[PDB]
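Take a look at the structure set out below.
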Amino acid sequence: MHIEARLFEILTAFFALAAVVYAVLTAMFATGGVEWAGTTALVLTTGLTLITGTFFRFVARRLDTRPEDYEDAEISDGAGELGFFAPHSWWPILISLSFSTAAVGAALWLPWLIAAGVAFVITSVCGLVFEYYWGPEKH
Amino acid sequence: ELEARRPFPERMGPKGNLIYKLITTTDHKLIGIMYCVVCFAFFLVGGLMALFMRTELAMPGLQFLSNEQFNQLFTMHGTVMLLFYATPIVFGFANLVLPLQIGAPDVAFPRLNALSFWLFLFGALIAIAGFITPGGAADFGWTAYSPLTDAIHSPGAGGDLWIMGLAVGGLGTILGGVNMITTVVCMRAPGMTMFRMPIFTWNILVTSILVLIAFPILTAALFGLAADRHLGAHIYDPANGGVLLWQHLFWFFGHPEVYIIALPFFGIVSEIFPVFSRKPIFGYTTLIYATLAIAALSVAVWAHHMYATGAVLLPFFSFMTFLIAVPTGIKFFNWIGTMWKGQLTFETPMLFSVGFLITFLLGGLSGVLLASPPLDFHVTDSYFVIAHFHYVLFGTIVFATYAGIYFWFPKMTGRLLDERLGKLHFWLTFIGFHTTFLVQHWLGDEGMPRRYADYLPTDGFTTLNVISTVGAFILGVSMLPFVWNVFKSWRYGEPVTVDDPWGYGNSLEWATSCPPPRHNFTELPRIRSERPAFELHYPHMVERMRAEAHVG
Amino acid sequence: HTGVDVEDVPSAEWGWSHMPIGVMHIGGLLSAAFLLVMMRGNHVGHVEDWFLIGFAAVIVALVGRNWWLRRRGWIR
Amino acid sequence: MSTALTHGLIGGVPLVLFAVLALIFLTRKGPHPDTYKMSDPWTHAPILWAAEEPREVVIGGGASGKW
Amino acid sequence: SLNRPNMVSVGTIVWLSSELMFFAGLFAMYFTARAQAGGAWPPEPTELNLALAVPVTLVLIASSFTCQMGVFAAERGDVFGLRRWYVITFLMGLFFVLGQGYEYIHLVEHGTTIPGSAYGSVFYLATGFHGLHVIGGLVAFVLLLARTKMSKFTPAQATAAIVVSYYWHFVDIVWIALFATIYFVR
Amino acid sequence: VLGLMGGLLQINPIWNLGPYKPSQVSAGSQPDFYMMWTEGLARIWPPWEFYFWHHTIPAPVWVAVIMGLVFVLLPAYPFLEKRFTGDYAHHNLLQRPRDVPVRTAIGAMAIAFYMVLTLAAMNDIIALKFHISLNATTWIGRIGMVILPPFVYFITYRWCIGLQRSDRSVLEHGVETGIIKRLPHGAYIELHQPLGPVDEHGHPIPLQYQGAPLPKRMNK
Amino acid sequence: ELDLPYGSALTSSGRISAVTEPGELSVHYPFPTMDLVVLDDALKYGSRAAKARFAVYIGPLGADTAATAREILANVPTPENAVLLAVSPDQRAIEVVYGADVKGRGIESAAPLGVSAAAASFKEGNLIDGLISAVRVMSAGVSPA
Ligand code: HEA
Ligand code: HEA
Ligand SMILES: CCc1nc2ccc(Cl)cn2c1C(=O)NCc1ccc(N2CCC(c3ccc(OC(F)(F)F)cc3)CC2)cc1
Ligand SMILES: [Cu+2]
C-alpha cells in the first residue's frame with residue numbers, strides 16, 4: 001500500500017515541525033520557560049504517526065501489486081477465498097458487563113467489587129479467545 | 001409474463017425474531033440501527049434537562065429549582081449531549097454505510113464491533129446513574145476545571161461515577177476507531193483505488209485517526225484525577241503546576257473532539273448534495289486536501305480556550321486558528337459550486353442540508369470573530385460563546401443527522417418516510433432553533449455570564465430570556481412529528497421495490513437491493529470512477545461525463 | 001394442546017406454548033389496581049405517588065392498546 | 001414581567017404555531033394514487049397476488065358468475 | 001482475495017500507537033511538577049537504589065531476544081520451540097515484576113508514599129501503570145500457550161504469536177524510555 | 001471444598017457480638033440467606049391493619065398468609081399443570097427448557113420475585129455501601145415486587161421462541177463455518193456445512209427436529 | 001436486448017437494477033393501504049388454515065374466460081395445490097379455478113358460495129371488499145389435507 005504510507009508521512013512531517021516550533025517559541029517569549037505539557041503531547045503524537053507510517057512503508061516495500069492498489073483491474077482478479085469472519089457470538093456483552101462491574105467498583109471505593117470485576121474480565125476474555133479453538137468433548 | 005407478488009409487504013415479523021438476534025449479532029447493519037436508537041433516547045434525556053434549565057432561567061427568582069440542582073442540570077446536559085449522543089452516532093453512521101460504500105462483506109473485526117457498542121451503552125448508564133444518589137450527579141462544569149473537582153471541593157459520589165463512565169465510553173470509542181481504520185485499509189473491492197472511494201469514507205478514516213490521537217490522553221488524565229480523589233495523590237495541586245496542567249491536557253483532548261464530531265457530517269452533506277443537484281461533486285481532490293488540512297491543524301490550536309488565564313503564548317494559537325479558518329472556507333465554496341447551475345429538487349434531505357449550510361455559516365462567522373484575543377477578553381465565559389457553539393453543534397449534528405436519516409432510511413429498511421411530516425418537522429425545527437438562540441448574542445454581550453442559575457430584576461435582560469425559553473419549548477415540541485413518522489413508516493409506509501429510490505445516486509450502495517442481503521452484495525459492477533452506480537444505471541453518460549469534466 | 005400454530009412457535013407439539021390472553025389483560029389491570037391502592041396510609045410525602053400513578057397509567061395504556069388492536073383485527 | 005402572561009406565551013405560542021404549520025402542510029395531497037372506482041374502466045396493468053404461506057397444470061374444478 | 005498484508009497486524013499496530021499516546025499523558029504529568037520543585041527536587045527521604053534497577057532492566061532486554069527467538073521458531077511450523085521460548089520469556093518477565101514489587105516495598109518502607117509527596121505520586125503513578133501493562137502481557141502469554149495446546153497448528157496461531165511478540169517489544173522499549181528518564185536524567 | 005472454605009473464610013463470629021439482652025440492638029439484623037425472603041416480605045409490605053369491635057388484626061398476619069400460600073403452592077404444582085394443560089401420559093424423556101416457553105417464563109418470573117424479596121432484605125447494607133437513600137430502596141422494592149415479574153415473563157417467552165428459531169435455521173441450512181468467498185461475478189457466500197444428505201444441486205435436504213441439541217460451532 | 005425503460009440495467013447476474021425519480025413510488029396500486037393490508041392477512045391466514053395457496057387476479061379475460069383463467073393459474077408457484085380467483089371488471093366476469101391436488105377437500109361446495117358473495121359485494125362497487133369476502137368464505141370452506 002503506497003498512499004496510506006504517504007498520508008502518514010505527511011502527517012508526521014507536519015507534527016514534528018509544529019512540535020519543534022512550539023518548543024523553541026516557548027523556550028523564549030514565555031512566562032516560565034518551556035511549557036512542558038503541550039511539548040510532550042506533540043512529540044509523542046509525532047511518534048504515533050511515525051510508527052504507523054514506518055510500518056506501512058515496510059509492508060509496501062515488501063509487497064507486490066494488489067488488485068485494490070492497482071487500477072486497470074477487473075473483478076475476476078479478486079476471485080478467491082477471503083479470511084474467516086466470525087458469525088454470531090455472545091461473549092462481547094459479558095466482557096462489557098464485567099468491565100462495567102469493575103468500573104463501578106472503582107468509582108465507589110469497594111475493593112471486593114474490583115477483585116470480582118477483574119476475575120470476571122479474565123474469565124470472559126478467556127472465553128472470547130478460546131471460542132473457535134475448543135475441540136470436541138472427550139467423554 | 002405475470003409474476004406473483006404480495007398485496008403489501010409484511011409489517012413486523014414473527015414472534016421471537018429479534019431479541020436473541022440482538023444479543024449475539026455481529027453484522028454491522030443491526031449494530032448501526034442499535035446505535036441510532038439508543039443515541040436518540042439519550043438525545044431526548046439531554047433535551048429534557050435543557051428544558052428544565054430554560055423554564056427556570058425565565059422569570060427572575062428561584063421558582064422551583066435550587067443552585068445545586070441547576071449546576072447538576074447543566075453539567076449532565078453538556079456531558080450527555082456531547083459524549084453519549086454525538087460520538088456514538090458517528091460510529092452508527094459508519095457501521096451503517098461504510099462497508100457498503102467500499103464494497104466489502106463485513107467489517108475487519110466483527111466481534112470488537114459489538115464489544116464497542118456494549119461498552120458505550122454500559123458506560124453511559126453508569127455515568128447517568130448519579131441522579132439516584134441522594135447527593136445528586138456531578139455538579140462541576142462539563143469541563144471539570146482544575147481544583148474544583150478535587151476531593152475537598154466536590155466531595156459527592158457523583159463525580160466518581162462521572163469519571164468511570166467516561167473512561168469506559170472512551171475505551172469503546174478507541175476500539176471502534178481501530179476497527180474502522182483497519183476496515184478501510186484492508187477490506188476493499190478489487191477495482192477501486194483510494195482515490196475513487198467516496199468522501200464519507202475519507203472523512204471517517206481521518207476522524208478515526210483523530211480519535212486514536214485524542215482519547216487515550218483523556219483516559220490518562222481521568223486516571224490521574226481518580227488517583228488524586230481516592231488516594232490523595234498531589235497531582236493537580238495549585239502548589240505545583242497543577243491548575244494549568246489539567247487545562248492543557250483537557251483541551252488538547254477537547255478540541256480534536258469537536259472536530260471528530262464535525263467532519264463525518266461534512267461528509268454526509270457532501271454526499272447528499274450531488275444526488276439532488278444532478279451534478280458531480282465539485283473539486284474532489286480539493287475536498288480531500290481540505291479534510292487533511294483541517295485534521296492536521298486541529299491538534300495545534302488547543303489553547304485558544306485559555307486566553308483569560310494569562311498563561312499562554314497568544315500570537316501562536318491566535319494565528320493558527322485564523323489559519324484553520326481557511327480549509328472550511330474552501331469546503332463551503334466547493335459545496336456551493338456543486339449546487340451551481342444544476343436541476344434542484346428540494347426533498348427533505350436537501351432541505352435539511354441547506355439548513356445546515358446556513359446555520360453553520362453563521363456559527364463559523366461568530367467563531368472566527370471569537371478567535372481574536374482582545375475580543376475574547378470581553379465575550380469569553382458569556383452567552384456569546386453559548387450561542388456560537390450551539391450554532392455550530394446544532395447545524396452540524398442535528399441537521400446533517402436528520403438529513404442522513406431521511407436519506408438512508410430506505411437503504412436500511414425498504415420503506416419510505418413521509419414527506420409532508422418531514423417538511424413540517426423541518427420548518428418547526430428551523431423556526432424554533434433560530435428563535436431560541438439568536439438573542440443570546442445580545443444577551444451575553446451586555447454582561448450576563450454563563451452558568452448562572454439566578455439574576456436580579458434590577459438587571460436588564462429579562463425579556464430576552466423569555467424569548468429564548470419560548471424558542472426552547474418550540475424546539476421541544478418539534479420532535480413529535482419525527483418520532484411519529486418513524487413509528488408509522490417503519491411498519492406501514494410506501495415500500496421500495498427498486499434500487500436507488502433517489503434516482504441519480506452514487507457510491508456503490510445504491511447498486512444493491514434496497515434492504516441489502518447478508519454480506520451486502522450479490523454482484524459488483526466494474527469500477528472506473530467515483531460514481532459507479534451512476535455509470536451503471538446510465539451507461540449512455542460516460543462519454544459526456546469524461547468529455548466535459550473540466551470546463552468549470 | 002389447546003392450540004397455537006407452528007409458524008408462530010416452531011416447537012408447539014413438544015411442550016406447553018399457549019396462555020390465554022384474558023389472563024394477561026386482567027392480570028395487568030389487577031396489578032395496576034394494586035399499585036394505585038398501595039398509596040393508602042400516606043406517610044408524609046408525595047414524591048412516591050407520582051411514580052405510582054405514572055407506572056399505573058403506563059400499564060393501563062399498554063393493556064388498552066393491546067385490547068383495542070386485537071378487537072379490530074390488527075393482531076391475528 | 002406579569003407572570004401570568006409569561007406562562008401564557010410559553011404555553012400558547014408553540015401549540016398555535018404547530019396548528020398553523022399542520023394545517024398548511026398536513027392537508028396536501030400525497031403521492032399515493034387515488035382509489036379506483038369501478039364505475040369507470042380499468043386501465044392499470046394486470047395484477048396477480050399470491051399467498052406465499054406454505055414454503056417448499058391439471059385443473060380440478062371451476063365455477064363462474066357474471067355479477 | 002486474501003490481500004497478503006495481514007489484518008491482525010494492522011489492528012495491533014494502530015492500537016499500540018494509541019497506547020503510546022496514553023503514556024504520553026503520563027509523561028506530561030511527570031515533567032510538570034519537576035520544573036516546580038527547585039534544587040534537590042527528589043526530597044531527602046528518597047534514594048533510588050541503582051544496584052537493583054539495572055538487573056531488572058537487563059532481564060527485560062534479554063526477554064526481548066527470547067521472544068524474538070520464539071517468533072522465529074513460530075514462523076516455521078513447529079510448536080515445541082515456540083512453547084520453550086515463550087515459557088522462558090514468561091519466567092523472566094515474572095522475575096522482573098517481582099523485583100519491581102520488591103523495590104516498591106523497600107522504598108515505601110522508609111520514605112516515599114503516594115499521599116506523602118508529589119515526587120512519590122508521579123513516580124508511583126508512572127511505574128505502576130507500566131507494571132500493569134507487563135502483567136497484561138504475561139496473561140496474554142499464558143492464553144496463547146493454552147490455545148496452542150488445545151488444537152492444531154495453523155497460520156492463525158503464527159499470526160497470534162507474532163502480534164503478541166511485538167506488543168511485548170513495545171512494552172519493553174517504553175520501559176527503556178521510562179528508566180532512562182527517571183533514574184539517569186533525574 | 002467445604003474444608004477449604006471453612007478454614008479460610010469466617011462465618012458467624014459470635015464473640016464480636018454480645019450475649020442477648022432485650023435492651024440493646026445493632027444495625028445489620030439479617031437472617032441467613034434462606035430466610036431473607038421472609039424478612040424482605042415483612043419489610044416491604046404496607047401497614048394495613050383492621051380494627052373492629054374490641055379486637056385487632058395486625059400487619060404480620062399478611063406475612064403469615066403469604067408464606068403459607070407459597071408453601072402450599074409449591075407442592076401442588078404438578079396437579080395444577082396437569083389440570084390446566086390436560087396431559088396425563090407417562091413420560092420418561094425430559095424436555096429442553098426452550099421447548100416449553102410458558103413454564104420457563106413462569107419459573108423465571110418466580111425466580112425474579114424471589115430475587116427481589118431477597119435483595120429487599122439487605123436494604124441497610126445496599127444503601128450504605130452504594131450511596132442510595134433508604135426510603136428509596138424501600139419504594140424500589142415495593143414497586144419492583146409488582147413490575148419486575150411480568151417484564152421478566154415477557155422477555156423469557158420471547159427469548160425461548162428466539163432460541164427455537166435459531167435451532168430451526170441450522171436444521172434447514174447447514175452449520176455456518178464463517179468462511180467467505182467472492183464468486184468471480186462479485187458475490188459473497190458463506191460456505192455452510194450440511195448435517196445430512198444433499199440434493200442434486202448441492203443444497204442439503206432439511207432435517208426434522210428430534211428434541212436434541214444441535215451443533216453451532218465447526219470446531220465442536 | 002430488451003428495452004430496459006430508462007434506468008434499468010442488466011447486471012452480471014440475471015438481476016435487473018431499476019431506479020425511480022425522487023418524487024414517485026414503485027407500486028401504483030389504485031387502492032388504499034389499509035385495505036391492501038386486510039386483503040393480505042385474509043390471504044395469509046386463510047391459506048394457513050387450509051394448506052392451499054390462495055391467489056387473486058384482476059386483469060382482463062378477453063377470451064374464453066375459463067380457458068384464460070386456467071392459463072393464468074400456471075403462474076402460481078405450486079399451481080397443482082392452489083386456488084385462484086379471477087375477476088375482470090370490464091367484462092364483469094368471475095372465475096374460480098382449482099388444482100388437481102386440492103380436491104376432495106370440500107372445494108366445489110364452496111366455490112359457488114364465494115362467487116355469489118363476490119358478486120353480491122361487487123354489485124355496489126366494492127372491489128377489494130368483495131375479494132376479501134370471497135377469500136374469507138372459500139378459505140373457511142376448504143379443509144386441510
Ligand atoms: C462542532 C463544533 C465546533 C466547531 C466546528 C467549532 C469551530 C470553531 N470554533 Fe468553537 N467551540 C466549540 C465547538 C465548535 N467550534 C465548543 C463546544 C466550544 C466551547 C465549549 C466550552 O468551552 O465549554 C467552542 C469554543 C470556542 C472558542 C473559545 C471560546 C472561549 O472563549 O471560551 C473559540 C475561539 O477560540 C472557538 C473558535 C472556533 C473557530 C475559530 C472555529 C472554526 O472552526 C470555524 C471556522 C468556520 C467558518 C464557517 C468560516 C467560514 C468560511 C468562509 C465562509 C470563509 C470566510 C473567511 C473569513 C471571514 C476569513 N470555539
Ligand atoms: C451536541 C449538543 C448540544 C445540544 C444538541 C444542545 C441542545 C440544547 N441546548 Fe445545550 N449545551 C451544550 C450542548 C448541546 N446542547 C453544551 C456543551 C453546553 C454547555 C455545557 C456546560 O456549560 O457545561 C450546553 C449548555 C446549554 C445552556 C446553558 C447552560 C448554561 O447555563 O450555561 C442552554 C440553555 O440556555 C442550552 C440549551 C439547549 C437547548 C434549548 C437545546 C435544544 O437543542 C434541545 C431541545 C430538546 C428537546 C426538548 C428534547 C425533547 C424532549 C422532550 C420531547 C421531552 C421528552 C422526554 C422524554 C420522552 C424522556 N444548552
Ligand atoms: C419477619 C421475619 C424476620 N424479621 C427479622 C429481623 C431481624 C432478624 Cl436477625 C431476623 N428477622 C426475621 C426472621 O428471622 N425471619 C425468618 C422467619 C420468619 C417467620 C417465621 N415464622 C415461624 C412460625 C410462624 C407461624 C406459626 C404457626 C402458624 O400456624 C397458623 F397460625 F395456624 F398458621 C403459622 C405461622 C410464621 C413464620 C419463622 C422464621
Ligand atoms: Cu476558558
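Ordering of the C-alpha cells sets the chain letters (A, B, ...), residue numbers begin anew at 1 in every chain, and ligands are numbered from 1 in the order given.
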
Using only C-alpha atoms, find each residue in chain A having at least one atom no more than 6 Å away from chain F; report its shortest atom-to-atom pair and that distance in Å (one decimal), rows by chain then rising number, as JSON lines.
```
{"residue": "A:76", "atom": "CA", "partner": "F:184", "partner_atom": "CA", "distance": 5.2}
{"residue": "A:79", "atom": "CA", "partner": "F:184", "partner_atom": "CA", "distance": 4.8}
{"residue": "A:80", "atom": "CA", "partner": "F:182", "partner_atom": "CA", "distance": 5.8}
{"residue": "A:81", "atom": "CA", "partner": "F:181", "partner_atom": "CA", "distance": 4.5}
{"residue": "A:82", "atom": "CA", "partner": "F:180", "partner_atom": "CA", "distance": 5.4}
{"residue": "A:84", "atom": "CA", "partner": "F:179", "partner_atom": "CA", "distance": 4.9}
{"residue": "A:85", "atom": "CA", "partner": "F:178", "partner_atom": "CA", "distance": 5.3}
{"residue": "A:86", "atom": "CA", "partner": "F:178", "partner_atom": "CA", "distance": 5.5}
{"residue": "A:87", "atom": "CA", "partner": "F:178", "partner_atom": "CA", "distance": 5.8}
{"residue": "A:135", "atom": "CA", "partner": "F:220", "partner_atom": "CA", "distance": 5.5}
{"residue": "A:136", "atom": "CA", "partner": "F:220", "partner_atom": "CA", "distance": 4.6}
```

### Query
What residues in chain G lie within 8 Å of chain D, counting only C-alpha atoms, written as a PyMOL selection string?
chain G and resi 23-25+28-32+40+43-44+47-48+51-60+66+70+73-74+76+79-80+89-90+92-103+108+111-112+115-116+119-120+122-123+125-127

### Task
Enumerate as a list in words the residues within 10 Å of ligand 3, counting only C-alpha atoms and all ligand atoms.
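Result of the 10 Å neighbour search around ligand 3: residues 26, 27, 28, 29, 30, 31, 32, 33, 34, 35, 36, 37, 38, 39, 40, 41, 42, 43, 60, 61, 63, 64, 65, 66, 67, 68 and 121 of chain F.
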
### Message
Only residues of chain E matter here; which ones have an atom within 12 Å of chain A, counting only C-alpha atoms? Give them as a PyMOL selection string.
### Response
chain E and resi 1-36+136+139-140+142-157+160+170+174

### Message
Need the shell around residue 85 in chain E: protein/DNA/RNA residues with any atom at most 9 Å away, counting only C-alpha atoms. Skip same-chain ones fewer than 2 positions apart. Format as a PyMOL selection string?
### Response
chain E and resi 66-71+73+80-83+87-90

Preceding selection exported with N, CA and C atoms as a short mmCIF file (atom, residue, chain, number, x, y, z; two decimals), in the first residue's frame:
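Once everything was written out, this is out_16.cif:
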```cif
data_model
loop_
_atom_site.label_atom_id
_atom_site.label_comp_id
_atom_site.auth_asym_id
_atom_site.auth_seq_id
_atom_site.Cartn_x
_atom_site.Cartn_y
_atom_site.Cartn_z
N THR E 66 14.57 -13.31 23.76
CA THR E 66 13.91 -14.61 23.90
C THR E 66 12.60 -14.65 23.12
N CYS E 67 11.79 -13.60 23.22
CA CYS E 67 10.54 -13.55 22.48
C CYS E 67 10.78 -13.55 20.98
N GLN E 68 11.84 -12.87 20.54
CA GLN E 68 12.15 -12.87 19.11
C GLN E 68 12.55 -14.26 18.62
N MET E 69 13.34 -14.98 19.42
CA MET E 69 13.67 -16.36 19.06
C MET E 69 12.41 -17.21 18.99
N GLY E 70 11.47 -16.98 19.91
CA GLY E 70 10.22 -17.71 19.87
C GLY E 70 9.45 -17.48 18.59
N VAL E 71 9.32 -16.22 18.17
CA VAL E 71 8.56 -15.97 16.94
C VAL E 71 9.31 -16.50 15.73
N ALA E 73 11.08 -19.32 15.70
CA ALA E 73 10.69 -20.72 15.67
C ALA E 73 9.22 -20.90 15.32
N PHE E 80 6.90 -26.76 19.53
CA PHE E 80 7.60 -27.01 20.79
C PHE E 80 8.69 -25.97 21.03
N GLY E 81 9.36 -25.52 19.98
CA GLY E 81 10.29 -24.41 20.14
C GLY E 81 9.59 -23.15 20.61
N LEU E 82 8.44 -22.83 20.01
CA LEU E 82 7.63 -21.71 20.46
C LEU E 82 7.31 -21.83 21.94
N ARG E 83 6.87 -23.01 22.36
CA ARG E 83 6.49 -23.21 23.75
C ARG E 83 7.67 -23.01 24.68
N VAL E 87 7.86 -19.96 27.36
CA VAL E 87 7.93 -20.26 28.78
C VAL E 87 9.11 -19.53 29.41
N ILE E 88 10.25 -19.51 28.72
CA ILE E 88 11.40 -18.76 29.23
C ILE E 88 11.05 -17.29 29.39
N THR E 89 10.43 -16.71 28.36
CA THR E 89 10.06 -15.29 28.40
C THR E 89 9.12 -15.00 29.56
N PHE E 90 8.11 -15.86 29.76
CA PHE E 90 7.18 -15.69 30.86
C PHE E 90 7.92 -15.70 32.20
#
```

Show me, as an mmCIF file with N, CA, C and O atoms, in the first residue's frame, the residues that have an atom within 8 Å of residue 20 in chain G when counting only C-alpha atoms, minus same-chain residues fewer than 5 positions from it.
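And here's part.cif as it stands now:
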```cif
data_model
loop_
_atom_site.group_PDB
_atom_site.id
_atom_site.type_symbol
_atom_site.label_atom_id
_atom_site.label_comp_id
_atom_site.auth_asym_id
_atom_site.auth_seq_id
_atom_site.Cartn_x
_atom_site.Cartn_y
_atom_site.Cartn_z
ATOM 1 N N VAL B 498 -37.235 -1.270 -5.615
ATOM 2 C CA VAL B 498 -36.186 -0.998 -6.582
ATOM 3 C C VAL B 498 -34.916 -0.610 -5.840
ATOM 4 O O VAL B 498 -34.923 -0.357 -4.636
ATOM 5 N N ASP B 500 -32.005 2.338 -5.492
ATOM 6 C CA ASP B 500 -31.861 3.771 -5.705
ATOM 7 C C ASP B 500 -33.213 4.482 -5.753
ATOM 8 O O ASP B 500 -33.628 4.938 -6.824
ATOM 9 N N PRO B 501 -33.935 4.588 -4.632
ATOM 10 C CA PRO B 501 -35.201 5.336 -4.658
ATOM 11 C C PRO B 501 -35.020 6.812 -4.941
ATOM 12 O O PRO B 501 -35.943 7.444 -5.463
ATOM 13 N N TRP B 502 -33.867 7.382 -4.610
ATOM 14 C CA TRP B 502 -33.491 8.724 -5.042
ATOM 15 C C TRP B 502 -32.637 8.538 -6.288
ATOM 16 O O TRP B 502 -31.440 8.274 -6.197
ATOM 17 N N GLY B 503 -33.256 8.667 -7.457
ATOM 18 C CA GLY B 503 -32.547 8.478 -8.711
ATOM 19 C C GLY B 503 -31.286 9.307 -8.814
ATOM 20 O O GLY B 503 -31.128 10.287 -8.080
ATOM 21 N N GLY G 7 -33.386 3.449 -16.888
ATOM 22 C CA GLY G 7 -32.907 3.359 -15.527
ATOM 23 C C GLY G 7 -32.589 1.933 -15.159
ATOM 24 O O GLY G 7 -31.702 1.673 -14.342
ATOM 25 N N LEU G 25 -43.465 6.754 -6.642
ATOM 26 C CA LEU G 25 -43.498 5.480 -5.947
ATOM 27 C C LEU G 25 -43.107 4.359 -6.905
ATOM 28 O O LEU G 25 -42.736 4.592 -8.057
ATOM 29 N N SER G 26 -43.201 3.120 -6.428
ATOM 30 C CA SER G 26 -42.856 1.965 -7.248
ATOM 31 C C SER G 26 -43.889 0.849 -7.126
ATOM 32 O O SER G 26 -43.562 -0.322 -7.324
#
```
